[PDB]
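Beneath this line is the structure, given in C-alpha cells, with notes to follow.
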Amino acid sequence: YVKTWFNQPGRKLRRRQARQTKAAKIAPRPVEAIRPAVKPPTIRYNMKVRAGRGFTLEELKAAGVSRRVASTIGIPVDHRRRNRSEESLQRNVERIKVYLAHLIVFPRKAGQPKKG
Amino acid sequence: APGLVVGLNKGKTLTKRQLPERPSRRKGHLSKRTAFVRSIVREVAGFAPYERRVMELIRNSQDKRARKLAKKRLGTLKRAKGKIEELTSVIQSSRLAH
Amino acid sequence: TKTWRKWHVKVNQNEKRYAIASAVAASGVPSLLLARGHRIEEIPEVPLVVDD
Amino acid sequence: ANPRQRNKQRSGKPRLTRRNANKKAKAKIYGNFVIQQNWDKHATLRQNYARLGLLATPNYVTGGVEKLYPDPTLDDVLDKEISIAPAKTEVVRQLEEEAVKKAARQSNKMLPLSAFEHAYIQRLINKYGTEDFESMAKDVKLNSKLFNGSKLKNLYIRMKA
Amino acid sequence: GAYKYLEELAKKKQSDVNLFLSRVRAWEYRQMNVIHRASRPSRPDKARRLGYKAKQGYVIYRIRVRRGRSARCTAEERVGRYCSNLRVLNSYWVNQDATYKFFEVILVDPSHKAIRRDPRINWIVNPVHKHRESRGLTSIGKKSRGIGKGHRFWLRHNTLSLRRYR
RNA sequence: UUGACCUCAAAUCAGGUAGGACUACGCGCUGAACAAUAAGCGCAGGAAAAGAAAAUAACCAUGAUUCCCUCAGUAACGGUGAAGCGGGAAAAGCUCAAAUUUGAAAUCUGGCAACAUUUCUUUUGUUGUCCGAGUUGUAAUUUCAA
RNA sequence: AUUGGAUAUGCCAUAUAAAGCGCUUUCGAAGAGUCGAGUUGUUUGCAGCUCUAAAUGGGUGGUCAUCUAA
RNA sequence: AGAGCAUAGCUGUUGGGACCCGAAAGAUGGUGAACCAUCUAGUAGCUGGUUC
RNA sequence: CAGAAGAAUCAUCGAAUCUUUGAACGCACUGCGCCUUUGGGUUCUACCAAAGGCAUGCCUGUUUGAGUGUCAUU
C-alpha cells in the first residue's frame with residue numbers, strides 16, 4: 001500500500017474550519033486552554049522549556065484556584081505531575097496568576113428559592 | 001500578557017522540594033479489619049491438601065522437606081518461605097489453644 | 001499510470017524569491033513588456049503607477 | 001460504474017442533489033452577542049480576536065504570524081497580587097462593564113429563614129443567649145437536628161438581617 | 001460487610017470448605033444443561049465487583065466448557081449466542097473439575113427500562129456494544145489480544161508514505 | 001391442614017428483542033501457497049478501535065488515547081526492524097467493587113387512572129395509586145488524584 | 001417551516017436541603033484459578049496442561065525510582 | 001586559515017511487475033479424478049520481438 | 001401516437017397503498033391445516049366463505065397448576 005498526500009491542503013482547510021466552528025460556539029473565550037511550562041525529561045533537553053499537559057494540584061493551591069473551579073475556567077489539571085523543585089512551582093504559579101489577571105468571568109444566574 | 005516562550009531556558013537555579021506521599025503508594029499496607037477477616041476465613045475455610053502435608057512435616061520437624069514441598073507447589077522461595085511462616089504460627093496457635 | 005507519480009516539485013525558497021524579484025525587475029523594462037506581447041506603445045511611463 | 005450507481009443513471013428519477021458546497025465562508029458567531037455584533041465575517045478568527053482585543057490562544061503559536069506593514073524568588077511570586085489588566089478595546093470594556101453590572105445585580109447571597117428555621121434558632125437563643133453557641137449545640141432537647149455551633153451561628157446571622 | 005469475608009474465602013479454593021463445595025456443585029451443574037439460567041450468582045462477591053446489580057435487567061447464566069483458545073472467552077461467546085437479545089457484560093470462573101470448566105456470564109438487557117434509565121449502565125444500550133464478546137471487547141477478550149499499557153504488550157510500517165513535496 | 005418460601009413446568013397470555021443484507025474503512029478468529037498473506041468464519045459504527053498509567057525515564061524530570069513528522073533505516077536481531085525523548089493536530093475527563101441509610105430501601109420495572117408533551121393524533125414523559133423487583137443489597141456517599 | 005445554544009423576563013421552586021475551601025487529641029476498606037512457577041503449542045504477547053500465592057504487598061525499571069493489574 | 005546543504009537535470013546502479021511476449025504449477029475456496037474463481041502481474045540464466 | 005382543461009410521461013413530497021416469494025414465520029412447498037370472530041343464505045343448530053390470527057430462541061412481567069421440596073401446622 002502507498003499512502004498519498006493529495007488531501008494535504010484539504011486537511012489544512014478542514015482543520016481551520018473546525019477552529020472557526022469551535023470559536024463560533026464559544027465566542028469570547030480562547031480556542032485553547034492555558035498549558036503549564038515544563039522541562040523535557042532528558043539530559044539532552046532539560047534546559048528547554050515547553051508546554052505541559054495541565055497544572056499540578058500544588059500549583060493550583062498556591063495560585064488560589066481549587067481543582068474543581070480550575071476546569072471550569074479553562075485551566076487543565078494534571079493529577080500525575082508534581083513539583084520536585086521550587087522553580088517549577090513558581091514558574092507555573094505565576095503563569096496561572098497572570099492568566100487570572102487577564103480573565104473576565106461572566107456571571108451566572110443562580111436558582112434562589114424563596115425562604116430557607 | 002498570557003504567553004509561553006518555548007525553547008531557550010528559564011533558569012538553571014535549583015531548589016529541591018520535599019514531596020508528600022501519594023495515596024496510591026499506601027497500597028499493600030495491612031488493615032486492622034483485613035487482618036481480622038483473613039484470620040477468621042483461614043480458620044473457617046480449612047487448609048489445602050498441600051498445606052495439610054506441609055503442616056505435617058513442620059510438626060515432625062522436617063523443615064527441609066517442608067520448604068522443598070512448599071516451593072515445589074507454590075513456585076518460588078519467598079512464596080514458600082511466607083507460607084511456611086503462616087502455617088508455623090497456625091500450629092503454634094493451635095498448640096496454645098489445645 | 002499510477003497516482004503516486006511525483007506531481008509537485010520543490011524549489012528552495014530563496015530561488016523562488018530570486019525569480020519573483022527578477023520578474024518584478026523585468027516588468028520595469030518597456031522593451032521586455034513589448035517583446036512579451038503587450039500593447040504598451042502609448043503608456044505614459046514604465047513603471048506605471050496610479051493614484052491610491 | 002457500480003450496479004447501484006448505474007441503476008440511478010438508467011432511471012428517470014432525479015438524484016437527491018443537495019447543494020451544500022460553500023467553501024471560504026466562515027462559521028457565523030453565536031453565544032456572546034457582544035462578540036457577534038463586532039465580529040466581521042471576512043477576517044479569520046485570529047484577526048477578529050486580535051481586533052477585538054482578546055486572546056485566541058493563551059500559549060504560543062506554532063508557526064509564523066502575518067506581517068502586513070513594516071514596524072516603525074518564591075516570596076514575590078506567591079505573596080504578589082497582579083493588578084488585573086487594562087482593556088485595549090471598547091469591546092473588552094463593553095464585556096467588562098456587563099460582567100460587573102450583572103454581578104452587582106446578582107449579589108443577594110444572604111438568605112432569610114423559613115418558619116421552621118426561625119422557630120428553631122429562636123428557641124435555642126431564648127435559653128442560651130446569643131454568644132454561647134457551643135452549649136447551644138450540646139442541648140439535645142432543643143437541638144434535635146444536632147446542628148453544630150457553626151451551623152447555629154450561621155442560622156443566627158441570617159436571622160439578624 | 002460480608003463481601004470482605006466472601007472474597008477472602010474465594011482465595012482458598014482448595015480448602016476444606018471450598019473443595020467440598022467445588023465437587024458437590026460440579027456434579028450438580030453437570031446434571032443441568034450445557035447453558036442454563038442461574039437464579040442468583042454462585043459467587044455474589046465476584047459478580048458484584050464485575051458490574052452485577054440485583055435488579056431487573058441483570059441476568060446470570062452458567063455454562064460448562066470442555067478443558068484440554070481461551071476457555072473464558074468461549075463461555076462468553078456461547079452464552080451471547082444463546083441469549084441474542086442481551087449484552088454480555090462480564091464473566092467469571094465459578095468451578096472446575098477433571099473435565100469441565102464452569103463459568104458464569106453477566107448479561108444486561110438493553111431493552112429493559114431499568115437499564116435504559118440507569119446512567120451507570122446506559123452505555124451498553126448503544127449499538128456500538130452489539131456483541132462485545134464477539135469483537136474482543138470484554139475483560140478476557142481484551143486480555144486475549146494483548147491490549148494493555150506497557151512494553152510487555154503493523155499496517156503503518158508496510159506502506160510507503162509519499163508526500164506531495166518530497 | 002390452611003398458608004408462606006423454594007423449585008419445576010404451562011399459556012394462540014402482555015410488552016419486547018435477536019436473525020438477513022451491505023461490508024471501502026473497522027474489530028476479532030483462522031490460515032496455505034507464492035505471512036497475521038489471499039481465502040474462510042464471526043461482529044460493529046459513522047467512524048471503529050484505543051483510552052485517563054500495575055506508563056516512561058534516570059532528567060532542572062515527563063504525564064490518558066489516537067494520528068502526523070522526527071527519532072531511523074537507528075538500537076536490537078538474523079535482510080528484518082522498533083521505541084523513550086523531541087516537534088505538531090486534538091485535548092476531557094470519569095464510573096463502580098471493596099464502609100452500617102440502620103434514627104426508619106431513602107431505589108427501581110410494570111399495571112391502571114388522569115395530566116401533559118410531539119419532527120409526530122405516530123413521539124416522549126409527569127403525577128397518583130396498586131402490584132412486583134430488591135436486604136443473598138436497590139439509592140445517597142467514596143474511587144487513592146483520594 | 002422545523003430546530004440549537006444563549007439573552008431578557010413572568011411564574012413556580014419539596015432550602016429543615018446540597019456543595020467547594022479551611023482545620024484534626026478520630027478514621028481511611030483498594031478487584032484470585034488471578035499474579036507467579038513449570039511445561040507444551042500458536043504467532044515477546046497469547047493458548048492449553050500441572051501447580052498455585054502476597055499485604056508497604058505486587059508490577060515494571062535503574063538499595064533507589066516509578067507505577068497500583070486481575 | 002573549514003565546503004558544504006538544498007533543488008533540478010544527465011548517467012550508472014540496486015529494489016519493487018520493472019522493456020514486452022513467453023515454462024508444468026502449487027495453494028485457498030467452491031461446482032457437478034474432473035471442472036470453476038482468486039492468490040497471480042507466481043517462478044525465465046532461456047525463446048521470439050523491441051518503433052524517427 | 002393517443003389522451004385530459006388545475007392540465008403535466010412535471011417538480012416537491014410529511015398522508016395512504018404496496019401482488020407471490022425471500023432472514024420468511026401455522027404445517028408444508030404443490031397443497032394440507034388449527035383456533036377464534038364476523039358474515040352469508042334464495043341452501044341459516046350446522047355448513048360455507050372471508051377476515052383476524054397461529055415460527056423459534058431469549059429478557060421483564062402476568063396468570064395457572066404440579067412437587068419427590070423447606071417449613072409452618074396441639
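Labels used: A, B, ... for chains in the order of the C-alpha cells, numbers from 1 for residues in each chain, and numbers from 1 for ligands as shown.
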### Message
Should the cut-off be 7 Å, what would the residue list for chain A against chain F look like, counting only C-alpha atoms (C1' of nucleotides), as a PyMOL selection string?
### Response
chain A and resi 40-43+46+79-81
Take the residues just selected and output them with N, CA and C atoms as a short mmCIF file (atom, residue, chain, number, x, y, z; two decimals), in the first residue's frame.
```cif
data_model
loop_
_atom_site.label_atom_id
_atom_site.label_comp_id
_atom_site.auth_asym_id
_atom_site.auth_seq_id
_atom_site.Cartn_x
_atom_site.Cartn_y
_atom_site.Cartn_z
N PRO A 40 11.65 19.21 29.47
CA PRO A 40 11.63 17.85 28.95
C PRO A 40 12.53 16.94 29.75
N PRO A 41 12.21 15.65 29.81
CA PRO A 41 12.82 14.74 30.78
C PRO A 41 14.06 14.01 30.26
N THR A 42 15.06 14.76 29.82
CA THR A 42 16.31 14.16 29.39
C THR A 42 17.45 15.14 29.62
N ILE A 43 18.67 14.60 29.64
CA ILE A 43 19.85 15.47 29.72
C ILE A 43 20.06 16.20 28.40
N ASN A 46 16.72 19.07 29.04
CA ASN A 46 16.22 19.63 30.30
C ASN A 46 16.45 21.13 30.41
N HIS A 79 -3.21 15.56 37.56
CA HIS A 79 -3.06 14.88 38.84
C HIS A 79 -1.79 14.06 38.92
N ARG A 80 -1.12 13.83 37.80
CA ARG A 80 0.06 12.98 37.76
C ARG A 80 1.34 13.76 37.98
N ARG A 81 1.45 14.93 37.37
CA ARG A 81 2.64 15.76 37.51
C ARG A 81 2.78 16.27 38.94
#
```
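When only C-alpha atoms (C1' of nucleotides) are used to compute distances to residue I:15, the closest of the residues F:114, F:142, F:94, F:122 turns out to be F:122.
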### Task
Hey, list the chain C side of the contact with chain E: 12 Å cut-off, only C-alpha atoms, answer as a ChimeraX atom specification.
/C:3-12
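Excluding stretch 45-51 of chain C itself and same-chain residues fewer than 3 positions from it, the residues having an atom within 7 Å of it are residues 28, 29 and 30 of chain C, counting only C-alpha atoms (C1' of nucleotides).
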Write a file of the just-selected residues containing N, CA, C and O atoms, as a JSON list (two decimals), in the first residue's frame.
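Contents of again-v6.json, as written:
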```
[["chain", "number", "residue", "atom", "x", "y", "z"],
["C", 28, "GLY", "N", 9.69, 46.45, -15.18],
["C", 28, "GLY", "CA", 10.04, 47.85, -15.30],
["C", 28, "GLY", "C", 10.82, 48.20, -16.55],
["C", 28, "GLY", "O", 11.32, 49.32, -16.65],
["C", 29, "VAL", "N", 10.94, 47.27, -17.49],
["C", 29, "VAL", "CA", 11.65, 47.47, -18.75],
["C", 29, "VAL", "C", 10.61, 47.47, -19.87],
["C", 29, "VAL", "O", 10.02, 46.43, -20.16],
["C", 30, "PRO", "N", 10.35, 48.61, -20.52],
["C", 30, "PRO", "CA", 9.33, 48.63, -21.58],
["C", 30, "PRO", "C", 9.65, 47.70, -22.74],
["C", 30, "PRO", "O", 8.72, 47.17, -23.36]]
```
### Message
Show me, as a ChimeraX atom specification, the residues that have an atom within 10 Å of stretch 49-51 of chain A when counting only C-alpha atoms (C1' of nucleotides), minus same-chain residues fewer than 2 positions from it.
### Response
/A:34-40,45-47,53-54 /B:4-11 /D:59-60
### Per-residue DSSP, chain D, filtered to alpha helix (DSSP H), as a PyMOL selection string
chain D and resi 3-10+33-38+45-51+75-78+90-105+115-128+134-137+149-160
Give me the chain G side of the contact with chain E, cut-off 10 Å, one line per residue showing its nearest atom pair and distance in Å at one decimal, counting only C-alpha atoms (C1' of nucleotides), sorted by chain and residue number, as a Markdown table.
```
| residue | atom | partner | partner_atom | distance |
| --- | --- | --- | --- | --- |
| G:29 | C1' | E:4 | CA | 8.7 |
| G:31 | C1' | E:49 | CA | 6.7 |
| G:32 | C1' | E:11 | CA | 5.4 |
| G:33 | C1' | E:93 | CA | 7.6 |
| G:34 | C1' | E:11 | CA | 9.5 |
| G:42 | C1' | E:69 | CA | 9.9 |
| G:44 | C1' | E:152 | CA | 7.4 |
| G:45 | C1' | E:146 | CA | 5.9 |
| G:46 | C1' | E:144 | CA | 6.2 |
| G:47 | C1' | E:69 | CA | 5.6 |
| G:48 | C1' | E:68 | CA | 6.0 |
| G:49 | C1' | E:68 | CA | 6.9 |
| G:52 | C1' | E:13 | CA | 9.9 |
| G:53 | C1' | E:11 | CA | 8.9 |
| G:60 | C1' | E:150 | CA | 8.5 |
| G:69 | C1' | E:148 | CA | 9.9 |
| G:70 | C1' | E:139 | CA | 9.7 |
```
Residues of chain A near chain D: apply a cut-off of 7 Å, count only C-alpha atoms, and supply the list as a PDB file with C-alpha atoms, in the first residue's frame.
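Wrote it out as out_27.pdb, contents follow:
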```pdb
ATOM      1  CA  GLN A  20     -13.742  28.610  13.242  1.00  0.00           C
ATOM      2  CA  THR A  21     -16.586  26.223  14.082  1.00  0.00           C
ATOM      3  CA  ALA A  24     -18.405  30.332  16.864  1.00  0.00           C
ATOM      4  CA  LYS A  25     -19.816  28.165  19.658  1.00  0.00           C
ATOM      5  CA  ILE A  26     -17.566  29.646  22.366  1.00  0.00           C
ATOM      6  CA  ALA A  27     -17.387  33.225  21.179  1.00  0.00           C
ATOM      7  CA  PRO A  28     -15.043  35.174  23.521  1.00  0.00           C
ATOM      8  CA  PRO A  30      -9.786  31.250  23.880  1.00  0.00           C
ATOM      9  CA  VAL A  31      -9.806  28.365  21.431  1.00  0.00           C
ATOM     10  CA  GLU A  32      -7.170  26.638  23.593  1.00  0.00           C
ATOM     11  CA  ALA A  33      -6.762  26.119  27.317  1.00  0.00           C
ATOM     12  CA  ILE A  34      -3.724  27.519  29.101  1.00  0.00           C
ATOM     13  CA  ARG A  35      -0.956  24.959  29.379  1.00  0.00           C
ATOM     14  CA  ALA A  62      -0.687  28.165  45.740  1.00  0.00           C
ATOM     15  CA  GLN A  90       6.878  29.282  40.845  1.00  0.00           C
ATOM     16  CA  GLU A  94       2.972  32.898  38.042  1.00  0.00           C
ATOM     17  CA  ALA A 101      -5.384  38.819  35.799  1.00  0.00           C
ATOM     18  CA  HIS A 102      -6.327  38.837  32.102  1.00  0.00           C
ATOM     19  CA  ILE A 104     -13.099  38.105  32.672  1.00  0.00           C
ATOM     20  CA  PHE A 106     -19.134  36.350  33.113  1.00  0.00           C
ATOM     21  CA  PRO A 107     -21.596  35.883  35.996  1.00  0.00           C
ATOM     22  CA  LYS A 115     -37.110  31.017  52.024  1.00  0.00           C
ATOM     23  CA  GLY A 116     -34.502  28.830  53.682  1.00  0.00           C
TER      24      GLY A 116
END
```
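Between chain D and the residues F:67, F:108, F:22, F:115, the shortest atom-to-atom distance, using only C-alpha atoms (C1' of nucleotides), involves F:22.
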### Interface list for chain B, partner chain G, 6 Å threshold, only C-alpha atoms (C1' of nucleotides), as a VMD selection string
chain B and resid 28 to 30 73 to 75
